[PDB]
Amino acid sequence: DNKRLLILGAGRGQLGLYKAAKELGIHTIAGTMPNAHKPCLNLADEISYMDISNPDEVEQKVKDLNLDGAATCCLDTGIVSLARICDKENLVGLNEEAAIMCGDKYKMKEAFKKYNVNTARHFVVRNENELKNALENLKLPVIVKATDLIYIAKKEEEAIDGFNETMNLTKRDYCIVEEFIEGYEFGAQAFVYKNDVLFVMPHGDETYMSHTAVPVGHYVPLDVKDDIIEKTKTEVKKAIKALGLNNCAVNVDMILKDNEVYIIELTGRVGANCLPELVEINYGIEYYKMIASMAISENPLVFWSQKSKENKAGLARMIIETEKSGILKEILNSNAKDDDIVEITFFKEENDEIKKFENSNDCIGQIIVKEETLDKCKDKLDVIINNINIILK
């Protein structure tokens, strides 16, 4: 090809886009900080040292990089900086006003009321009278929270008790009273090109509770009625347009309550934790190639037109340790070669520390499988893990 793509970020979770760009014949430039993932840097042709979370620094550093496009994936760290790169170097991608709107819940929820997108509605209250005014356009239960540094409220007596406790602790003169939506949490992937949403793919979200709920697995297909699947397609398409997202892969956090779905979060980049790999399994496509080709002002539809007519099930899980800590000797994988095993990769090596799982950086590795159904995936996955031995010495 002979085309230059700057990829913002070079962590272990971003080597798929570096690999795809190489397979396409693209000259990659790793936009990163001194210490990053070595296999990404060994895939990258160039390295440009930059803080990708600083849109102003980034804008300066790209003028002399001779780029054809720019891309980010699996993280929000450099999502605004990408948007500015595209707005100033006139490269294909999301625009900065859309990236800001996604990033700011007040601005996002303002667009969703205007464009009538299902979401947990909120009011920026300043007094006991504004609380009750806000409560007439809000369904209970509600959360009372501060913006600078939560109080769940089932009934009115817990709401004032919450507002008074919040306003004394916060440094601001205001509070946020927001609808508390409790229900089935899930996500979705989407892709927008020239203002046409190619798809909306709902997906399951497996999690591990320690401090917060850590994402530890994803799967397709989501076990819901087809009416929930179509309701998700509807709200995501509405949200994409409410916020003005375009020429980007999209990652969404949904919630299902009483046969109605709501958008919690929406970002103009692909999701992490093997979600691009589950898009690839589910449609039988090359989705990092669609991302990379779009970035460099080429047509992603070349790859979308080779999709399968069937939807295979996929399951991706992080390998974690929950009742053991130590220094690693070796990881024993006694599993046989199988085309239904998409990936088995380990992140730790001899003399690395195995930390009793608390956050995402404590993952030992990851497994990806595909099969006719999710029950066959899960059974296949249980056999894999049971043939994975982590030795501490």
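Counting begins at 1, following the sequence as shown.
Asker: Between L169 and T170, how many deposited residues lack coordinates (none, 1 to 3, 4 to 9, 10 or more)?
Answerer: Missing residues, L169 to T170: none.
Asker: Compare the mean C-alpha B-factor of 53-61 with that of 34-42 as given in the PDB entry, and name the stretch with the higher value.
Answerer: Per the PDB record, 34-42.
Asker: Averaging only over Cα atoms, indicate whether 323-331 or 25-33 has the higher B-factor in the PDB entry.
Answerer: Per the PDB record, 323-331.
Asker: Specify which of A249, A111, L198, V124 carries the largest Cα B factor in the deposited PDB entry.
Answerer: Among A249, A111, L198, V124, the highest C-alpha B-factor in the entry belongs to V124.
Asker: According to the Cα B-factor stored in this entry, which of the following is highest: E185, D161, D76, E280?
Answerer: Reading the PDB entry, the winner on C-alpha B-factor is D161.
Asker: Would you check the entry's CA temperature factor for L243 and let me know if it's in the chain's lowest, middle or highest third?
Answerer: It falls in the middle third of the chain.
Asker: Mind checking which third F303 falls in for C-alpha B-factor across the chain?
Answerer: According to the entry, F303 has a C-alpha B-factor in the chain's middle third.
Asker: Could you tell me which third, lowest, middle or highest, the C-alpha B-factor of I364 occupies within its chain?
Answerer: Top third by C-alpha B-factor.
Asker: If you rank every modelled residue in this chain by C-alpha B factor, which third holds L149: lowest, middle or highest?
Answerer: CA B-factor rank for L149: highest third.
Asker: Please say which third, lowest, middle or highest, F180 falls into when its CA temperature factor is compared across its chain.
Answerer: For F180, whose C-alpha B-factor we compare with every modelled residue in the chain, the answer is the middle third.
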